[PDB]
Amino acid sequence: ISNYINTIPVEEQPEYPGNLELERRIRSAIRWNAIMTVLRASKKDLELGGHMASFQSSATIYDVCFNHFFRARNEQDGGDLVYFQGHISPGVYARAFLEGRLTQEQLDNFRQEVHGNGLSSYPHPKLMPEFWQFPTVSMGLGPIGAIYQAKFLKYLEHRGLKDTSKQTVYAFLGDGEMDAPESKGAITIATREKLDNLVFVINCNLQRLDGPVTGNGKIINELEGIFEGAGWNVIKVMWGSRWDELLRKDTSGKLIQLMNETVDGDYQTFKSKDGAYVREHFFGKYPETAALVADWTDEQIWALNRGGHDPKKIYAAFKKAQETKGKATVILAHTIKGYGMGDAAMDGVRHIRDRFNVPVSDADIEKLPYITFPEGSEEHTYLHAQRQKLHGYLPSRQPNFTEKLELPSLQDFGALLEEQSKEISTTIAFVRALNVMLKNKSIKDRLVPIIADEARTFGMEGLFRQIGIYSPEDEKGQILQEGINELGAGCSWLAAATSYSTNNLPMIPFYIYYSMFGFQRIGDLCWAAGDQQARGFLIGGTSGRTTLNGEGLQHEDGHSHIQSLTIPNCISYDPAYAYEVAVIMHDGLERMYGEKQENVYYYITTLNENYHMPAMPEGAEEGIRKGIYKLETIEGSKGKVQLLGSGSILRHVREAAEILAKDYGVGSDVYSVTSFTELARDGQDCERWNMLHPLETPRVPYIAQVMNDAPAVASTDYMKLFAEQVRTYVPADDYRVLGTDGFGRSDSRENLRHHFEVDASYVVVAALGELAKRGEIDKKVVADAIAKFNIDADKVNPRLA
């Protein structure tokens, strides 16, 4: 680390280009409206919430940026991409209001958006589709999301898809937020990728929410040390302009020594006392430092401020960051939390009114009025002139992309709809589907294949020589290889899946990884992706509890689908055949990037197990998209059942169908369930609608339009709940579900499918059991089947194993 002073000395500091006095009047009005918005919300006494102290500490930092740096979306590019610190939203709304982009009625509806004309608590594009762009309130995601957004912008330029050289990514972070592993865990990537189009602005007010970040330490030195060691350009903005005289005349170096040795805890104590106290405990530590302010009054000493509140020091930092190349820059802005709010941090708000010279009658304070600048006023003119120079207003968002893509038709995937020559897997099918898309002139170069180190495990080796690996294996490479870093790969996926909005340049990402390390490991990011309206594909490879048989407990995924169904705009599928993978990918491509432009993303689990891939049944396309279709009906005069399967288990369910017919004379209807989740949601929607329209023609759940009423059995490679979720909509009185509940373990696929009780043997027993209960066959038959199949009726429940 370096001395606890500004990185940029006054001598190298550029002249401030703006009208400081005018900007302060405008800024004071914004601080005011921000506070009023939150206080009005508090007055309603509805537990609405909202913060004020945070924006107060960073208001000047943002003000300098809005006046001289942030470029808004324009005809050439999406402008600067600003990841606003989540809880300072009231400050963004206040400025928007003054710019005339929001009404008073909207500020009055802060945190009350159910009725349509309110404002979200935090930046949520899903709720405010034309205003916010990036979800940042979940601490940690913003910084890593920003790093990969910056890398993605360079990717677009290097690929020759769009000149993004005029765009900068700004990430506004708190110092307490930096403790989240995601916040610093990927800062080395910025150095590897030379992201000089990235700027981290860390508001260092030395405090978390409940207390100091490191009371007996110096968080600023800690941050400087690690970012410096990571190869970043660190710019510290420590002290305001009043300190310049002091640091300049102290030829003893004692003041610096004092600033260096004083810890975060003591600095916080000062900002709760007064001038006299600072003179005694701070400057009074050494005779040399005591002499520097001897001729100063207590008031003059109390005026000394931290750098993050001085427009001149702030400007210098951002300007230098804008000139730095070959690496990312992080600005450490020293501020005071609860700035100008007094001890606090009706009438008690007249303190801030006087502190910031707010032009509001001390008679109207009770009314908590909003301040506005009339058209023609000096303030109004200035406010708009500075923004026009920067191409308009920010934040803003375009919900749809403008261009028309010529997507491939289902027929282009024709080869995958036919019976396959060799035994392949759904993952191999996925790769072949990707190849078809890579032949489409319209979207071939808009495709963004993303992988988490493991590429050989997914047979992606072929695409390598074909489209190359992005490596600024060169700068024209198309595939993003992020190594052992699912969160990083996920953030790359997110930047690509939202490029249609951010840069009005639709890109179509396909991120394939070990399904177990999907939602379970980066679920918080998947939730934010939905909020950000991500349109892309998440491919969970090596999925299924019993399919990735040798890997064991931390790799065998039998629940990612349970996690994915919790995300509203995520459409999940678990196909068993190659032709289903084709119809699904094609449909998803059409829904998200076709004229419909549906705001959803897809999650498709694929397998690493090879088996026979039959041809798609004529007319099954729509059923595949809806979640279920009938594969075949097998004759049998001793009984009749329904058998459902998905993923790798479907082949075993079909095996059971044959066993039931040839050994027991039991006939059956076999169905391939491509999506239990979409069928469950369709059913929930139908039942909701019918309940609200009791007098009208009821809607029938899709699954009830496919299945009949004979006893049913379902088996999958996931936990029982995956198939049980449609119980309510299944038109049969008997519905037994087999699943892989329990921790995985290492063994052969055969042994695991027997252990998890989902193989053909268990399907037969479950089906016979249902028939026996209906008196259609003797219970002894079921008991003998259990014996014949060597089933241990008394082994421990797999869930407890």
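When you see a residue number, it is the position in the sequence shown, counting from 1.
Unmodelled residues of the deposited sequence between neighbouring positions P472 and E473 number 10 or more.
Unmodelled stretch separating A291 from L292: none (count of deposited-sequence residues without coordinates).
Of the two segments examined, 478-486 and 607-615, it is 478-486 that shows the higher average Cα temperature factor in the deposited entry.
448-456 and 683-691 differ in mean CA B-factor, and the higher of the two is recorded for 448-456. For the set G338, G308, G627, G558, the PDB entry puts the maximum C-alpha B factor at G338. In the deposited coordinates, the residue among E551, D80, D295, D587 with the greatest CA B-factor is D295. The deposited CA B-factor of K151 belongs to the lowest third of values across its chain. When the modelled residues of the chain are ordered by C-alpha B-factor, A29 sits in the middle third. Among the modelled residues of the chain, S637 sits in the highest third by CA temperature factor in this PDB entry. Per the deposited record, the Cα B-factor of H68 falls in the middle third when ranked against the other modelled residues of its chain.
When the modelled residues of the chain are ordered by their C-alpha B factor, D250 lands in the highest third.
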